Every structure is written in C-alpha cells, then in structure tokens.
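Enquirer: Enclosed are the sequence and the experimentally obtained structure.
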Amino acid sequence: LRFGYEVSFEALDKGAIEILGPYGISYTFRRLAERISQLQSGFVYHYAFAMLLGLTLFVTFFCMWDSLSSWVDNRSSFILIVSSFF
Amino acid sequence: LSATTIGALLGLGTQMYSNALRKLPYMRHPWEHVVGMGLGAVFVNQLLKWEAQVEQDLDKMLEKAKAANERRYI
Amino acid sequence: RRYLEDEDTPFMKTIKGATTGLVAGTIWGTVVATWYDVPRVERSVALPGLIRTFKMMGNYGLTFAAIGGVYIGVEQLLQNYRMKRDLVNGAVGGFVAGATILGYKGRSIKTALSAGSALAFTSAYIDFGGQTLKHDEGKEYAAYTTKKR
Amino acid sequence: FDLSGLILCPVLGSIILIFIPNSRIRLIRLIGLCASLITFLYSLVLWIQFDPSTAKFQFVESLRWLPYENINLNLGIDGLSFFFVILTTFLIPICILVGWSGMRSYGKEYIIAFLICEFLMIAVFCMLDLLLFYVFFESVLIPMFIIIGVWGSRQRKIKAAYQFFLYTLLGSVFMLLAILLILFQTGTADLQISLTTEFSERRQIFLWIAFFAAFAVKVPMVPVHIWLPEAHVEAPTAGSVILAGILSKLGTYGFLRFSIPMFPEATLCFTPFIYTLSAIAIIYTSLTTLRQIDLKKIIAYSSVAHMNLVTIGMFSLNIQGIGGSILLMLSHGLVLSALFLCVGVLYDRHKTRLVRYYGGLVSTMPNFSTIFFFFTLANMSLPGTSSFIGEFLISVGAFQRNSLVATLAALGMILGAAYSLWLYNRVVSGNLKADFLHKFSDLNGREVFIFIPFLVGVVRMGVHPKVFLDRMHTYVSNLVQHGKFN
Amino acid sequence: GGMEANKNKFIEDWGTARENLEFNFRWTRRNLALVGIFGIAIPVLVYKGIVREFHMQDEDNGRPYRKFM
Amino acid sequence: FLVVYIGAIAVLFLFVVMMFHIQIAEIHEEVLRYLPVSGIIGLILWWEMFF
Amino acid sequence: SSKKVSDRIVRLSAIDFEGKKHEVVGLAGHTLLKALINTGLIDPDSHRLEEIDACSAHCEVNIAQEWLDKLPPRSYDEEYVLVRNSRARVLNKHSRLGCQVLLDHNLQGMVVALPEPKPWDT
Amino acid sequence: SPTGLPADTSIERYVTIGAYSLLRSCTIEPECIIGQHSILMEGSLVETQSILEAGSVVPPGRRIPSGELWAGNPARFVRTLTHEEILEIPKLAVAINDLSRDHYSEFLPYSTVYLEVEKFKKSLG
Amino acid sequence: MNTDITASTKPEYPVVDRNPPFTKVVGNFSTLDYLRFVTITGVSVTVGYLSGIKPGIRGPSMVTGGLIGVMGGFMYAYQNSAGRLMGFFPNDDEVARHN
Amino acid sequence: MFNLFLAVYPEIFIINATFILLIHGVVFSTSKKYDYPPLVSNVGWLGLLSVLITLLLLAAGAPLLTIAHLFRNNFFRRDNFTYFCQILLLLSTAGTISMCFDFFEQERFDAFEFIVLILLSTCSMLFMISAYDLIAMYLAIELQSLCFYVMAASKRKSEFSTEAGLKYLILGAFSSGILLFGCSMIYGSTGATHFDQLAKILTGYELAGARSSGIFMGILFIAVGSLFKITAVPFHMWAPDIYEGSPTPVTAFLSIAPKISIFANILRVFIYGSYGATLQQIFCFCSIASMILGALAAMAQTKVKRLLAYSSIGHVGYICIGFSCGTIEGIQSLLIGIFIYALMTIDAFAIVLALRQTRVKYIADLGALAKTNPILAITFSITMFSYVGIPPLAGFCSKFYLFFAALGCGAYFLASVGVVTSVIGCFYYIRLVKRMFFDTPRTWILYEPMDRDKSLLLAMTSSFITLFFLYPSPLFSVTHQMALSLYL
Amino acid sequence: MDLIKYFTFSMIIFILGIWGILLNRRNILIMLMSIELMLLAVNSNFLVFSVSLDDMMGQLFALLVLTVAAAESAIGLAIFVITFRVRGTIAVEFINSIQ
Ligand SMILES: [Fe+3]
C-alpha cells in the first residue's frame, strides 16, 4: 500500500517522470523562449549588430575554413555554444 | 462521381461556406450559388485537363533527363 | 578518416582546444559587453565601460578555455585508458566539463548536473554521426565525368 | 458493400449536420444517431462476408493519390484490423447516445467531431499504405484534442489537451521520419512491398526504435503513461470512452502491424526490453491504481496496466499469445468504455469524482450496482469473460516464450483483483452518506440500453470466443511465419 | 434535479493537493533513493533476469546465445 | 560623382541635417567600449582582404 | 441591508500627464483600469481585455509610496510587463498595472498619476 | 446617474429580459434573468448570475448582488441560487435565441411594400 | 540595332511567317479575336463603372476602365494573332488561306 | 508593337496600367469639382482588374514569352519555371489586393499610391523572376525594396509605421550594400555578370580553395543579401518589427509576395549558376537557425502579427532545408513548400484582416471566438493546424515531402533538427486554438462580420487547404516539372 | 600595384562604413552615412574592376548603382523627416516602441 503512493505515484509518476517530463520541459522552454524574445530589443543598432555578427561568422567559418578547421573542432565549437546557452 | 458534379458540389459548398462566414444564411442569394456551382464545375474540369497536360510535359522532361544521363557513357 | 587525417598528439589536442576556447570566449565576451547597455550614470564616462568590457572579455575567455580544455583532456585520458575511441569516449568528457566548470560557475549541484547532461548529449549527438551535415556519399549531385559503365 | 462506402458513411452525416441550423437539436441528434447506426449495420454486413481462410487482404480497393512515388491509396482488411473497425463503428453511436439529454449545450459540433473521428478511425484501420496510415494516424489528433479542450469539466482540460497533443505529435513525428526513410529506401510505401523487402540490421534497429517510440506514446508504457490519466480525467465521458477503447487500440494495432513483421530481427533483439518495460508498468501501474482517489484516474491506470499486458502478449510470437493480445484488446476496449460510462453516469448524477463522497449505492441504485459489479468483474478478468480469455491466452503465450516475464505478468492478477474490488466496495457497498449525497436516481432507460450491448458482447466473447478467435488464426499464423521460411 | 454532492472544502483541498503533487518534488535523499532503486535498479534487474532466462533457454537448446540490446 | 553625390545627395543630407538642428547629448555615446569589437571585426575583414 | 451600490462605490483621484486633477469613481472589485476608462482619461479601445496577457502597459499608473502599502505587491508578470513596455528598460518602483489594481474601500481616496499615453493602433 | 457611475444602459451577454421590463440606466452584468413587469431605474446594476422575478422594481442606485434571487415591488432578497439553477440562465438565453432564429427566417432581405406604394401612386396618378 | 526573332521553343504548328508586320497581324484579327477584345473592354468598363460609384466619378471611372480594357484586349488579340501567324497556336484557318 | 515585345507584354501592360491608374487617381483626387473623393477603392479595383488581365496575358501567351530569346538573353530568360513562378506571383498579388479592400474603407486609408506601389512592386518581382543577370537582379530587388520602404512607412502619423519604415530602410540598405559588394567581388574575380557565363566559369571547380577566394566571398555576400531578403535568423531581426509596425495589408503583401520571387531568384542564381556544396552548407546552417529560433521566439509571443512573422520565419527555414538539399526532389520540395506556405499565409492574413475590423492586437483578443463566430473559429483553427503540419491539411504535404527530400538528402542532422522544431513550435498554434475554443474569458471581444471580397477568398483557400490531401498530384507534377526544367 | 592599391582602398572604405555602423549606436544619420560609404566603396570597386578587366559592364552597373543609391537616399531622408516630425526627436530610445 505504501508503494502505491509513496513510490509509484509521488516519487515516480508525480515525481521524477513528471519533473524530467512535462513539468521541467515546460519550465525550461518557457525560460528559453523568454530569453530568446529578449534578443528582439527593438533597437536598430542591435539589429545591425546582429547582421554584422552573422556576416562575420559566415566569413570566418567558410572563407577562412582551412585554418579554422586546422585549429578548432566542430564538437568543441558546438560544446562552447551550448555552454554559452547554459 | 463525375468531375462536373464534383465541381458543382465543391462550388456550392464554397458559396455556402462564404455565406456562413459572414453570419449570413446559408442559401442567401441562390443565384450566387448557381454561379458558384458553375465556377466549381469549370474549375475542376480545367484542373483535370491541365493536370493531364502537365503530366504529359513531366513525362517528356523525365525522358529528356533519362536521355541526357544516358549520353554519359562511352 | 578523421583520425587518419592528422596525428594530433593528445597534449597538443588539449592545448589547441584550450586556445580556441579562449579565443571564442574572448569574442563572445566582447559581443556581450557591446550588446548590453551601460548604466545611465556611466554614460558620461568611458573608462569604466572599457574596464567592464575587458572584465567580461576575460571572464568569458577564461571560462570557455577551461570548458574546452577540461573536455578535450578528459576525452584524451579516457581514450588512452580504454585504448579505443567510441561514442561514450567524448560523451563523458562533455559531462565532466559542464559539471566541473559550469557547475562551479553556478555554485549548485543541480546546475552541474543540468549543464553536464546538456554538454554530454551535445557531444554524443555530434559524435553519433560522422560529424558531417550530409551522410550520403552515393549521390552524384553533379554529372561531370563520363564512365565506361 | 465496400470499405470505401464504410469510410464515406460518416462523411455524409457529418456534412448533413454541418449544413443544419443549431436550433434543430432534435433533428441533429436523430440524423447523427441514424448515420452512426447505419454505419454500424453496414460494418456488420461486412462482417457476415469476411473470409477467414485466406491470408491476403480481403477488400482491396485502389485509388490514385499520387500516380508517381507509389503512394496510391490502398484500402483493405485482413482479420486483425477488422474487429477494430467493428469496435470503433459500434462505439461511435454510444457516444452520441450518451450526450442525448444535454446535447443542445454540446451543439452539433459534438456529433460532427465524433463522426469525423469515426471517419478517421475507419481510415486508419482500413489502410495498406504506410504513408497514408501515418497520415490518418496523426489525423486522429485533431478531433480528440478539440473534444478534450472544449467539453472538459474544469480548467485542467487545457493542460491535459496540451500533454496529449505534444506527446502524440512527438511520437508521430519520429514515426514520420522512419516512414520517409523506408520510402526512400524501398521506392514505395506499399505494405506488401514493405513486408517483402529486407532492411539492414542497423537500419532495422533504428526504424524499429522510431516505430516503438511512436506507438509507445499511444499504448502507455512506463515513462510515457502519465499523460493518459489526466486526459481521461479531463475529457468528457464520451471522449474518455473513445480515448480508452479506440486510440490506445489504434496504437497497439499500428505497433503489431508495422513493427513485428517488418523488422523480425529488431523485434527479437528488443524483445526483453519490452518484456521488462511491460512487467514494470503492469506492477507499478496496478500498485498506483490501488492508491488512487479519483474514479477516472483508477480506470485510466487500469487501462494502462491492461494495455501493457497487451504489449507483453504480442512478442510472445505464437498463436496463443497474439490471439490473446487481440482478444484482450477488443475486450478491454469494451470494458474500458463500459467502466467510463458508469463513472460518467455517476458524474452526471452527482457532479463529483472523488470516492469519499460515494458509498452505499446498493440501496438507491441497484441496477447501476449490478452493472458496475459485472464490469468490475470483466476488468478483473473473471473466467467466463472476454478479458479473461485474452489474459489467459496472453499468459499462455508468455509462459511458452519466457517463464519469468509470464510470472511477472501473472502477478498482475492479484493486484487487479485488489483495486477493482476495493473501488467497487467503496462506491457501491456500505452505508449511504446522507450529508454528502441525499438525492439519488437509478439508471434510466437510455443508460440501461447503452449498457446492454456491452454486457452481450462481453458474455459472448467470454463464453464462446470461437468466432473471434477463428476470424484471425490465419493472419496470426502468417504474421508469426513471416520472418522464417522453414 | 438537485443531485449535486454537498462539496466539502477540506475534501476538495485534499483532492487538489493529491492531484498537484508535482510541485512538492524536491529531489530529497528519500526521493533520490526511491528513484534509483525502484526506477532504475529494479527495471535493470528485471531486464537482466529476462535476458538470463533467454540465455538459459539457448544453452538448453544448444544454440548460440542470442543477441539483445 | 561630383554632380550627383556631391551636388544632389549631399545637399539633401546637408539640408535635412541643418534643418533637424540636432543637439549634443541627444546623439552621443562613448566610443571606447565598442573599440574591441570594432577592432576584431575590422581585423577579420582585413584578414579576408589579405586572403 | 438594502444592498445599494454607494457602499461599493470607491472614490479616488488621478492627475494625468499635463497635471490636471481628475476625480475617478469606480466600484469595489472593479479594477482601476476600468474606473479610469469609465472616467474617460484612458482610451477604451487601447485596453479592452482586463488580462495580464493582453496588457501592454497601457494601463500603467504611478502611485504614491504611502499608497503602495495598501494593495498587494507587484507580481512577476506585472514587473516583466513594466520592464519590457517602457521607454527605458527599468522599473519605476512607483508604477503598477491598472489591471491588477483591485479597487476597495482600503484604497478609497488613493491618488494616482497617468503618464503620457502611448500609441496602440497596429 | 445617482450613483455617479456611467449612466448608459448596458446589458451584457446571456441576459433574458421579460415582457414589460422598464429599463433605464441599468448595468446588467452577464448571465441574468429578469421577469416581466420588472423596473430597473437609474444607476441600478444586477450582478452576474442573478435572477429577479416578475414585478420586481429596484429603486435608483440599488444593486442586485451576484448569485441571488430577488423579488417584491421594493427589491428584496429571497434566497440564494444553487449552481444547478445558475447554470440554466445561459440555457434559457440560447433557448429564446433559438426561438428568435425561428422567427427570423420569415423575413426576406427586402420588403415588398414598395410594390403596394407604387400601386397606390398609379391609382392616384 | 540587330534584332533576332528566334524563340527558345520551336513552334508546334506550320509557320506562316516568322516576323509578321504589325499591320498584317492586325489584319489577321478573326471574329474570335474581336470577341476577345470586346469582352475584355466590356469587362473593364463594367468594373470601372461599378467601382467608381462610391467616389462619385462614374464617367471618369468608365473612361479609365475603357482605356485600360482597350489596351489589354488589343494586346491579347495581337498576342493571339501573332502566335497563330508564327505557328505557336492552332492556325488552321490562316494556314489554309496561305496554302 | 514590334514582335520582340511579345516577350514582355505582361510587364508592359502592367506598367502602362500603373501609369494610367496613377494619372487617373491624381487627376480625380486633386479635383475640387468633386469632394476630393477617396479613390483608393476605385484604383484598387482597377489594379486588381489589371492584375487579372496581365495574368491572362501571361497564361495564354505561354510559348510567346520565349520570343526573342537571344535579344532578351542579356536581361532575362523565360521558361516554364519562370512562367509558373510568375503565375503564382500574380495570383498572390491579386489575392492580396482583393482581401485588403475592406481595410481601406473602414480604416480610412485612402491613398491610391498604395495600389500604385502594389502594381509597380509586382512588376519588379516579375522582372526579378525573369531576371538572368547580376544587374537585372539588383535592379528588381532595389525596386521592390523602395516600394516596400514606402509601403511600411505609409502611415505617416503612426509611430509604429514610421519606426518600422526606418528600421526596414536601414536594414535593407545594409543588405543592399552587402549584396552589392558580393556582386562586385564576383565581377572582379570572374569577369562575368550573366548567369550563363558564371555557370560556365564556375562548373568543374569547387568554391572552397585557394583559387577563386574572391568568387567565394562574392557568392557568400550575395547569399547573405538573399538570406536577409527571406528573413533567416542570422539576418531576420527586421521581419517581426516591421511586420508588426507596418499596416496589415502591407505586412500581408510583404509576407506573401516577395518570398516566391526571392526564392526563384535564389534558385536561378545559386542552384543553376553557383551550384556548390558550400552554398547548401550555408543555407543548412541558416535553416537550422531559422527553424530553431522561429519556434523559440514564437512560443514567447503574445501578438498575432508577431506570431505570424515568426511562423513565416520558420516556414522560410523549411524552404531553406529544401534548398540546402539542392537536388531534383529538393527543388521540387522547395516549390511545393512555397506554394503551400503562400496559400496558408493568404488564409491566415485574410482571417486577420477579417478580425481587423474590431482592431485585434493580442492572441487573447480572439478568445471565446468559438461562440461568437463558430465557423470562423474552425477556419482559423484549421489554418493553425495546417501551419503545424497535421496530416489531413495542406501544410503537412509540404512538411513530409521536405523531410523526405532531407532523408534522401543525407542530412540526418538537418531532418532531425527540423522535426524537433516542428514538435516544439506546435505549442503556440495549439495555444491559439485553445484561446478560440477552450478558454472562457470574463469578457468577450465581439467581431463584426466580413466583406464578401475576403469571405470568398477565405472560403476558397480553406477548401483548398482542407481538401488538398484528396488530390495533390497536380501540384506535385507541376513542381517536379519545374525542378526538372530548371536545368534542361 | 595600382589594382592592389585601389582594391585595398575600396575594402578599407567598406570596413570604415562597417565601423561607422558599429560605433554610431545612438546616432542613426551616421549609420545611413556609413551605408552610403559602403555604396561608394561598391561603386569604386566596380569602376576599378571595369578599368582593369577592359569590360564595360562595371561602368554600366556602377551608373545604375549610383541611380539606385540616390533614389534610396531620397526615400531614406523622407523616412527620417517623417520620423523626426512624428516623435519630435532623432534619439534612438524613442524608436524602440516595437519589441
Ligand atoms: Fe492592464
């Protein structure tokens, strides 16, 4: 009887499964969407800056790709991106 | 079902959908419903004819691509 | 193929990873500092703003270099210990970098587990494939050369 | 007498209701019920003309969907999908009969949504094309989500609908990836060619993993069952009936049809995985059903446990196991529908779901008490019932395959005889709580008639399951014999 | 008719608290132990036992032990 | 170039700028903070010119 | 026990942007935004749904610190709306949304300030 | 109005108003039932989910509280409203709405009286 | 200035002339081309009248619609006549006349 | 009319009709004899008529558009691909003109210069679709850019309109400068501007190497300009702000019409001319960013116009996966997706303009719409589900065929990211459907009925979307033929 | 050497326009001026490439770019004038109403 509520339901069904399922996913996606929406600050300077970073990243990672690939790894680049995203 | 009657039903449904979309009665302006059935019938007939024509053109273009790839070989 | 390309002794691999992490962190810190506005009282002065920008540059560069170095070092040590390279070889290294470096930054175990899991999944996700955008090599994409048969 | 006609019957009634004013609620109800009953009779006529000897799909009809790329629409039945078609076609008129009293508040949109759902169900079960099967598989998502959201009891219906939609969408999307990969590999989405073509062992593993995820979203397994109790709790009684006896059966159908015969080696490799998942789910879900306070949650968790028993009975790749899986699928559809109808009757009378308020309903609702006792017995799988037939055949197959998983599944008998009895005693036995409930009414004529086909079906499929069993032995044998050539 | 149950505030509060248990999870020591035992260890043991049963069947049949995930 | 750029577009810009009568501290920002990013982007573009 | 409306009447005051003193009358339980709209110093079409999701800080009112202690504190959603929908992304520490200001006799006599109106059309 | 509130006559959604109702400057909140011979003078509001039976007159500035039934030539509270009785107000509103829809179908978009007036003009000249 | 009339796609019907003159193409107008022109002009005039009622300029609206419709219908009739005369269209009647 | 100009009758007619409409509108709007009538409705009806007439001209003169092949080869080349693209563009322009009529009368926007600019921009997009050179490309792009500057800033006293115009101005000028630098680099390092010459020079040699570094940079900068034109996340920051600020007909036209023209231009400049795996890699990264950030940002939005803008960004990301595969099936999938997205956007913006009568701004405003306007609630929910990609509706067809092109593409990473984004971005469409159907708000916003001009278009578009799964063979065959005819 | 010097100057002008956009955060007219500097660099590159390559396409397209830049400057200053009149100031914080 204790397993029915203390473990199966509260600790698993309403616990780890839900915390790592719809609940935590909902909270993380809410905060991530909010943070993404913070980028659209309504500033022409911010938009021009985003354009400039886009152009510079494209140039660096495609035109200079020989030296860039000789130096950095794709795994390391994506890991740094994710770490920046926390 | 025939193409003409399918088109007539489609046109009548579209006209009554438009009427109900403005909170009007379904059969307001029945002459518009007749015009809609005629337009739907002609639209379906022309769509079928144009589909046959474009299918023939696509078969011709597929044959052209097949010949172009066949010209690869020595 | 990737292993066959270059020798890349593990110590040099770790140094290269740390250096490129430092460079990327410096760039990201500069970007963030220039993106975020200065306070109203700091608008008249420029030296405090430059100092804040430099501090953000240093912080981001140091943390990114630490993350990259720890990840590459753990991956290399695991490869040396197991005498083979697999999916989990670099997957564990990603978790260690997030748990130790990013976990210390957040000053919480939950962030270390959350950041470590995200890095481990990202490292394994890329390593799951051949680290290639397109996995099809049989398609021609262009007819240029004639063949006998 | 064709499957295209069967599919088109709900469409005509749906259109008629769409083009009828909402003020003629009597006409709307009568036309919807007449269309549902006509479709049910048409499906029965399809039954009296089904050949159980051949293994080929019986009423194959071909329609030109895409002349190229080989995605032409194929409609057909073989023996497994057939009883599911009959079950959906029979269960739809029950849904209209339920909301008969207060259908003006529901409106014609209720009947239209249920008829569209019936159309989608018949399209899913009558399909020999993988891509079109997936199309209708994910089409069923719209009407159920709308039903749950619009006609939910309380504000948690929004969260329940969100969870249902997101889970099913994720599963369907991964299935779509796998199906498109199969299409690119084989050149066609036709079921016969997909069954007669090989796949690489790694490719088989990946495709089976995607299909298993997609179908395990539908049939509740251990990690992905938490969306089902909330969906049943917040859905109306008819929506709960549909979601319990129709959609989960859709999921297990899709799994049994497209996973076991298409990828034999992958199924053999992953067989212990689903055995342990099913045993864990059965034990844990029965135990968490024991400690529950909501009627809808109790029957929803019973649904989870019995569906996990179904999926524990399929990989017992033998005639007994697979036939028992199919029979218990049909029986559990009927029993879940009946139990949710009983709970919906209780809710309609007294607007509450907690069992603390209920008690001693023998003195006031004796017919309801008898019906509830019979259907709790059916859920318990008492011998002489269709659920017992399915459960015992499943256990026989499981013992012929793997004794440990057979014993783990058989442990579900004790737990299923516990929560069912304890819930029935709480609700029906005991003394009246006059302070909580003091006005009562027994089952009326409409509800009594609604319960009549369920009793007859359960008794007929339990006492004499020969008809249902013999209608599918050929397909079961061919499905088990698909991989081997010896 | 007037058949609605005489709702009790405390009973309704108990029901809402029971159905809103997801807010009270805190990854305590007991919760972590329960998750690690009955959510990981027990399923792993069941899977190992099932694989062991299959392998014992293979040994008795004389066949080569089957391959499982 | 003289006629159009020097004449037309430049008198347009001059007219609009003088007619605005823009005051200082209305358009004013410290340039030291953006010096690192400006230098990095200019160096990247110069390296690309080099290549 | 006549159950009139004068008991529910809550009388407060509002100084709009240009400094004119206004008298605002609103029922208890009806929001300050509704009271100001009925008075006529807030565009009714600018803010129709009295919801936090539909509020874009068009109901913002500056309230005195000695009145902020008589109504519940700002919620996270309210603070987020104030921060985002502002000339500068800062919190005014004296302003609250008119949707969440539930009028009552405790707040009767409160003096509020209506800032410069903002455009809302597309 | 005597209550200083806006004096426009507002009748929100799902409000049934009887035959000889005399409404002036009322603020009827949604989902209300008002019987015939009911008089609502200036400044009166009947709050959400409330019923006034036939013949009830409310003095100016008097309010009818939510979830209540009121009666009498001077408006007086009779009894509270159960949830089942409250839920029937929208049902009544949509029932008279359906009857109104039944009445609506008897009118074409344009009247044929202009034919009669043209006939009258022709008869006169 | 050099001009080439060669088209990318070969005509599917016999070619009366590759580059017929403007006067010859205008004189090739059959009753069907005149019907095309008349229908387009009438549609344009009717649309102009029906749209110019609200602004209050019915005569001006019909005039503008008439110019637009005359231009469009003449362009369509010339297009059909030229396509027939260059063999792009089923020019059975003028092929017979040429023969 | 000498016989070469058979190749340009649609454009010549539309230009002359635009001039006639401008003259008529000015002379009868500056007229004191009348009461200075609002000529926006009359000029719009005549412009819709002109669009229909030029559509008829272009459709009937299918083989005559190829007349004077070598004479026009310097400026533009016309074939079946351009023919179908221009047919779809004219249909979209006609729909946009027809569905924005009620906006004029009710919102008092009575500047016929709006319709004149509609016609002029449509001619610019026609020239762009036909264009076959690095010069006509830039000229047409700049023509529509100036037209759209004036369109976005059309409402002079509106702060939102002025700010949107200024932002779109500055960012479009920046993109034009970048694209111009790319054209200059290609010209300097190649010696060629015509697309045929670029193809001849570039085929047989990869763009990633020591040689042709200037060519690579020019191609990359032109790709950057085109990506800005289609609102990819590295360059998308203008799309939401200007889409919200500009008047609703202007933002509807911006979301519908330029997409097909820019994408046909991209196909003709990149897939034909500079076809090389680096361009597909660039567009793969752009598609990943577009889908991911479109879904993430639209989840956090609470305004209908901004949500539509982010949905447009995500669907452009899907068109970009179709491009970045760059095969026969990839291009056919791109065209199918463009057609379906244009139809769905026309549907959604017609519904938005229908709700514009009561000035709908937020998602909550359309709450409780299932009671006041039932059939409208079902129609908009069907549109939202089509945007999701639910099978029975038209959007799912483009969706799964894009994913199939991605599976035959070899881009498993790209397909997985796309499908995960499809699951993620369903939430805000579901939230819209919840707002119409599930919620019971305290107060309701009653919406006035529609106009027949929007109602007929909405009914036709909804019937096409709902019943497309019954017969997709015509569209699939047409797109396959277009993809095949891109080269041979 | 002359081509190297001219290309270097044009690239430096392009980078200088980029730097103007980067540094001028609260200044918008100078952002437009940096865009115009980018246009001038593009025109100079086209002209010098035409001269070096002995081809006239560079001159044609440079003239067209000049015309387009003049028209876009006209339109842009119109937008600037109407914005400044609407909000009474050119400060950036008054042009951030959309987010
Ligand atoms: Fe507010």
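Expert: Sure thing, it's come through. Numbers count the residues shown, from 1 in each chain, chains lettered A, B, ... in the order given.

Enquirer: hey, where'd the strands end up in chain G?
Expert: In chain G, the strands defined using DSSP state E lie at G:9-15, G:21-27, G:60-63, G:95-97, G:111-113.

Enquirer: From the chain's centroid, how far away is the last one?
Expert: The gap between the average C-alpha position of strand G:111-113 and the chain average comes to 9 Å, counting by Cα atoms, centre = their mean, to the nearest Å.

Enquirer: Could you find the closest non-adjacent residue to the residue of chain E with the smallest separation from chain I?
Expert: For chain E, the residue closest to chain I is residue E:4, as judged by Cβ to the nearest Cβ, at 58.5 Å. Where you see a C-beta, it was placed from the backbone N, CA and C, and this is true even at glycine. Nearest non-adjacent residue to residue E:4, counting by Cβ to Cβ, 6 or more residues apart in numbering or on different chains: residue D:351, 4.9 Å away.

Enquirer: That neighbour belongs to a strand?
Expert: No. Residue D:351: not assigned to a strand; according to DSSP: H, G, I helix; E, B strand; the rest coil it is coil.

Enquirer: hang on, the earlier thing: wait, the residue of chain E closest to chain I sits on residue H:83?
Expert: Yes. Between residue E:4 and residue H:83 a contact is recorded at 6.2 Å, counting by Cβ atoms under 8 Å.

Enquirer: before we move on, back to that, so which of the strands of chain G gets nearest residue I:81?
Expert: Nearest to residue I:81, of all those, is strand G:60-63, at 69.2 Å by Cβ to Cβ.

Enquirer: Any buried residues in that closest one, and which?
Expert: G:60-61, G:63 (16 or more other Cβ atoms under 10 Å in any protein chain shown).

Enquirer: Which single one of the residues you listed is nearest to residue I:86?
Expert: Residue I:86 lies nearest to residue G:60 out of the buried residues of strand G:60-63, by Cβ to Cβ, at 71.0 Å.

Enquirer: mind listing what the closest residue to chain I within chain B touches?
Expert: Relative to chain I, the nearest point of chain B is residue B:57 (11.7 Å; Cβ to the nearest Cβ). Shown in contact with residue B:57 (Cβ atoms under 8 Å, 6 or more residues apart in numbering or on different chains): J:80, J:481.

Enquirer: same thing but 7 Å
Expert: The neighbours of residue B:57, taking Cβ atoms under 7 Å, 6 or more residues apart in numbering or on different chains as the test, are residue J:481.

Enquirer: if I look at it, how far off is residue J:82?
Expert: Going from residue B:57 to residue J:82 by Cβ to Cβ, to the nearest Å gives 15 Å.

Enquirer: can you check residue J:437 too?
Expert: The value you get for residue J:437 to residue J:82, if Cβ to Cβ is used, is 43 Å.

Enquirer: CA atoms only for the host helix or strand of residue D:447 - export them in CSV, please.
Expert: Here residue D:447 sits within helix D:445-463, counting by DSSP states H and E. Output of helix D:445-463 as CSV, limited to C-alpha atoms (Å, rounded to 0.1, in the frame of the first residue of the first chain):
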residue,chain,number,x,y,z
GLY,D,445,-33.9,3.6,-20.0
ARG,D,446,-31.3,5.3,-22.2
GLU,D,447,-28.3,4.4,-20.0
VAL,D,448,-29.7,0.8,-19.4
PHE,D,449,-29.9,0.3,-23.2
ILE,D,450,-26.4,1.8,-23.7
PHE,D,451,-25.1,-0.8,-21.3
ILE,D,452,-26.9,-3.7,-23.0
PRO,D,453,-24.6,-4.2,-26.0
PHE,D,454,-21.5,-4.2,-23.7
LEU,D,455,-22.9,-7.0,-21.5
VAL,D,456,-23.9,-9.1,-24.5
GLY,D,457,-20.5,-8.6,-26.2
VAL,D,458,-18.5,-9.4,-23.1
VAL,D,459,-20.6,-12.5,-22.3
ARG,D,460,-20.5,-13.7,-25.9
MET,D,461,-16.8,-13.2,-26.3
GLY,D,462,-16.0,-14.8,-23.0
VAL,D,463,-18.3,-17.9,-23.1
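
Enquirer: Heading C-terminal from it, find the next helix or strand.
Expert: Sequence-wise, the next helix or strand downstream of helix D:445-463 (DSSP H and E) is helix D:466-470.

Enquirer: Remind me what the biggest helix by length in chain E packs against, helices and strands.
Expert: Within chain E, and with DSSP state H defining each element, the longest helix by residue count is helix E:42-61. If contacts are counted by 3 or more Cβ pairs under 7 Å, 6 or more residues apart in numbering or on different chains; DSSP states H and E, helix E:42-61 sits against helix D:264-290, helix D:403-427.

Enquirer: most packed of these?
Expert: helix D:264-290 (a mean of 23; mean count of other Cβ atoms under 10 Å in any protein chain shown).

Enquirer: Mind giving me the packing neighbours of it?
Expert: The contact analysis (3+ Cβ pairs under 7 Å, 6+ apart) places helix D:264-290 against helix D:201-218, helix D:295-314, helix D:403-427, helix E:42-61.

Enquirer: what inclination does that helix have with respect to helix D:403-427?
Expert: Angle of helix D:264-290 versus helix D:403-427, following axes from the mean of the first three to the mean of the last three Cα atoms, to 10 degrees, is 30 degrees.

Enquirer: for helix D:264-290, the distance to its chain's centre please.
Expert: On the basis of Cα atoms, centre = their mean, helix D:264-290 sits 19 Å off its chain's mean C-alpha point.

Enquirer: Just the closest residue of chain C to chain H, please.
Expert: Taking Cβ to the nearest Cβ as the measure, chain C has residue C:40 as its residue closest to chain H, at 42.2 Å.

Enquirer: Show the backbone phi and psi for the closest residue to residue J:2 other than its chain neighbours.
Expert: Distances taken as Cβ to Cβ, 6+ apart put residue I:22 closest to residue J:2, at 7.0 Å, once the chain neighbours are dropped. Dihedral pair for residue I:22: phi -60, psi -40, per degrees, to the nearest 10.

Enquirer: pretty sure residue I:22 contacts residue J:3?
Expert: No. Counting by Cβ atoms under 7 Å, residue I:22 stays clear of residue J:3, with 8.2 Å between them.

Enquirer: Please say which of these two ends up with more neighbours.
Expert: Each of residue I:22 and residue J:3 has its neighbours counted (other Cβ atoms under 10 Å in any protein chain shown); residue J:3 has more, 22 against 12.

Enquirer: How much space separates the closest residue to that one other than its chain neighbours from residue J:67?
Expert: Closest residue to residue J:3 apart from its sequence neighbours, by Cβ to Cβ, 6+ apart: residue I:19 at 5.2 Å. Remark: distance between residue I:19 and residue J:67 (Cβ to Cβ) = 10 Å.

Enquirer: so what sits against both of those two?
Expert: In contact with both residue I:19 and residue J:67: I:5, J:3, using Cβ under 7 Å, 6+ apart.

Enquirer: what about those two, which has more around it?
Expert: Legend: neighbour count by other Cβ under 10 Å for residue I:19 and residue J:67, higher for residue J:67 (29 against 16).

Enquirer: Now the residue lying closest to the more buried one once chain neighbours are set aside: phi and psi?
Expert: Spatial nearest neighbour of residue J:67, excluding adjacent residues (Cβ to Cβ, 6+ apart): residue J:6 at 4.3 Å. As for residue J:6, its main-chain torsions (degrees, to the nearest 10) stand at phi -60, psi -30.

Enquirer: who touches residue J:6 in this structure?
Expert: Applying Cβ under 7 Å, 6+ apart to residue J:6 gives the contacts I:79, I:82, J:61, J:64, J:67.

Enquirer: Go again with 8 Å.
Expert: With Cβ under 8 Å, 6+ apart, residue J:6 has these contacts: I:79, I:82-83, J:61, J:64-65, J:67-68.

Enquirer: for chain H, what spans make up the helices?
Expert: Applying DSSP H to chain H gives helices spanning H:83-104, H:113-124.

Enquirer: Minimum distance to chain G: which of those helices has it?
Expert: For chain G, the closest of the helices of chain H is helix H:83-104, at 18.5 Å, according to Cβ to the nearest Cβ.
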